[PDB]
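Numbering (the working numbering), first residue to last: 112 to 481.
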């Protein structure tokens, strides 16, 4: 023992270093493997950028928008969790569809927080909510109104909103809600089989005190970031092509395929961040969000056009989780080959040092006393 065992551990590390350097160098020299990996990278970017059925980021956008309109549906919708009008305790109600009676403030808003909202502020929110709803769904066709990340097609009634336009409207709406010092009264929300059972949420507080609100709000800038990165990467893809045997040397291709692969991993990673934000929402709040379309008002007409899209929410969220695990593995493997292509030179120099270290150490050990 003593410093002998340590020398053996050290020799062991050196030789593992040689083996992995060897593998990496061999990978960079493996034209078929390099092209195979590039083809996967490009094929993912092509779907991500151009498709509305096979794009993980597009699907993520669908989930986030649906959840923003789902939250709006809970918070306001057909029966608000706040009172819109002038709060003289005497309250003068604005004549807006969904406004609860003023006695609701007395019943459900004891405690410092204010639960009323100025009509002009509500108007701004309602307008943003309507714009976001139109961006998502074509009222005429009842079909999808969001374009692939590549943009809207020129001119049969096609989708006419970019995902950036929808994300921007969502961002403004959530920002406005966060900044408005009006508390939401969850007890105003009536959903059969949910608000009348245990676990029901009945508390009153500013939206920024609820994880469902905060988490959904945080998804937007992350998704905006992901969208930009998907578009940069589609651009980068255009400058990368399958290599001729021996031409994967070119420093430019080396550095580009590596950047390409890192970026595409970051895209997947942003999608994972969004999945995590959905999965961090307390179960009971998520249940309210999923069922928001069943919300019924406690007074006046019971609307026949609630926000039903929320029924697709959970499937869309699970799709993010499946996309992440499926493409996550594959991009890791592609990224690995790209890193080796990029490090080929550096590795060739490093393996000579590591091999010599091992040869030396092995020889020292060979001469050590027994």
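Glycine included, every Cβ here is placed at the ideal spot set by N, Cα and C.
Check                                                                                                                                                        : Outcome
Just to confirm the assignment, what range does the beta strand (DSSP E) spanning residue 194 have?                                                          : 194 to 198
Helix, strand or coil, according to DSSP, for residue 227 in the structure here?                                                                             : strand
Are residue 168 and residue 378 closer than 8 Å when you measure CB to CB?                                                                                   : yes
What do you reckon, are the CB atoms on residue 395 and residue 304 nearer than 8 Å?                                                                         : no
Where in the stretch 303 to 341 do unbroken runs of the beta strand (DSSP E), each at least 3 residues long, occur, reported from the N-terminal end onward? : none
Roughly how many whole angstroms lie between the Cα atoms of residue 359 and residue 154?                                                                    : 19 Å
Take residue 398 as the anchor and find which of 266, 322 and 136 has the nearest alpha-carbon.                                                              : 322
How big is the Cα-Cα spacing for residue 367 and residue 149?                                                                                                : 11 Å
Confirm, please, whether the CB-CB distance from residue 337 to residue 382 is below 8 Å.                                                                    : yes
For residue 135, which option in 476, 376, 201 and 444 has the closest C-alpha, if you only look at C-alpha atoms?                                           : 444
According to DSSP, which residues form a beta bridge with residue 204?                                                                                       : 196
In terms of DSSP beta bridges, what is residue 295 paired with?                                                                                              : 316
For residue 207, tell me which candidate among 216, 193, 425 and 428 has the shortest Cα-Cα distance.                                                        : 193
May I have a chain-ordered list of the alpha helix (DSSP H) segments no shorter than 4 residues that lie completely inside the stretch 337 to 414?           : 362 to 390 and 394 to 401
Could you tell me how far apart the beta carbons of residue 372 and residue 446 are, in whole angstroms, since I believe they sit closer than 8 Å?           : 4 Å
Since residue 255 sits in a beta bridge, which residues does DSSP pair it with?                                                                              : 248
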